[PDB]
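J.: Structure incoming, see below.
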Amino acid sequence: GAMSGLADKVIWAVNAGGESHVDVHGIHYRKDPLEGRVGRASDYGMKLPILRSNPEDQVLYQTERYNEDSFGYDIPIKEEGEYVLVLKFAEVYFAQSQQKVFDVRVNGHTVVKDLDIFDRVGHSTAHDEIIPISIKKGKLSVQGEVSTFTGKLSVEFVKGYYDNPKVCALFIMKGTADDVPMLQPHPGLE
Ligand SMILES: OC[C@H]1O[C@H](O[C@@H]2[C@@H](O)[C@@H](O)O[C@H](CO)[C@H]2O)[C@H](O)[C@@H](O)[C@@H]1O
């Protein structure tokens with residue numbers, strides 16, 4: 001079936017950990033394209049199913065891939081509008097707070113410099129960061145800083161305290177954050 005219209009705006013998505021997956025809404029991740037761009041999901045930490053995610057979008061929002069340090073993703077763009085970078089981060093090993101902090105940049109712009117997945121949600125579960133963007137005339141505007149766009153969007157995260165962001169669920173869509181379906185809890189019988 002097909003009702004939602006999210007897949008209609010998708011343009012590029014990557015979940016470091018699994019291998020080519022399509023979330024319910026219809027958001028597909030393209031197999032390890034930056035981790036040596038060669039190999040297959042090691043699926044070593046497939047265990048511990050994320051709670052805030054349905055079984056299918058679970059393996060996606062979950063799974064884990066390890067590179068080495070300062071991992072970098074490339075998102076070639078050729079259109080404008082409101083680009084919304086949504087990503088699901090999960091797991092990090094060791095139950096500690098304000099210690100395992102990392103850095104996250106968009107097209108070279110630090111938006112979350114203190115990514116402590118644990119302190120953020122707590123238990124494993126699923127973590128999510130929403131970063132709306134505005135590209136016009138070929139230029140880029142991140143939050144409150146202006147910088148022209150050049151070839152592609154680059155999400156680079158730098159090491160903070162060993163073990164770079166374990167689980168990565170990169171998901172980039174185009175045109176707006178409002179599209180992102182969100183059904184508020186409903187009681188009774190549907
Ligand atoms: O190859 C499996 C995992 O290796 C690394 O994790 C290490 C862990 O297994 C243990 O031995 O402790 C060390 C020190 O912190 C960890 O580095 C990778 O970080 C992980 O991504 C792999 O799945």
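By order in the structure tokens, chains are A, B, ...; within a chain, residues start at 1; ligands start at 1, following the order shown.
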Taking only C-alpha atoms and all ligand atoms into account, which residues have an atom no farther than 6 Å from ligand 1? I'd like them as an MDAnalysis selection string.

T.: chainID A and resid 44 65:66 163 166

J.: Dump as JSON lines the rows for residues of region 51-108 of chain A within 7 Å of region 3-20 of chain A: closest atom pair and distance in Å with one decimal, only C-alpha atoms counted, ordered by chain and rising residue number.

T.:
{"residue": "A:60", "atom": "CA", "partner": "A:15", "partner_atom": "CA", "distance": 6.3}
{"residue": "A:63", "atom": "CA", "partner": "A:17", "partner_atom": "CA", "distance": 4.3}
{"residue": "A:64", "atom": "CA", "partner": "A:17", "partner_atom": "CA", "distance": 3.4}
{"residue": "A:65", "atom": "CA", "partner": "A:17", "partner_atom": "CA", "distance": 4.1}
{"residue": "A:75", "atom": "CA", "partner": "A:12", "partner_atom": "CA", "distance": 6.9}

J.: Determine the nearest neighbour of residue 62 (chain A) from the options A:21, A:88, A:37, A:123, counting only C-alpha atoms.

T.: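 Comparing A:21, A:88, A:37, A:123 against residue 62 (chain A), the winner is A:88.
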
J.: Please identify which residues in region 51-173 of chain A DSSP calls strand (DSSP E or B) from the backbone, and express them as a count of residues only.

T.: 54

J.: Using only C-alpha atoms for the distances, tell me which of A:101, A:22, A:135, A:50 is nearest to residue 118 (chain A).

T.: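 Nearest to residue 118 (chain A): A:101.
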
J.: Nearest to residue 139 (chain A): which of A:82, A:190, A:156, A:114 is it, counting only C-alpha atoms?

T.: A:82
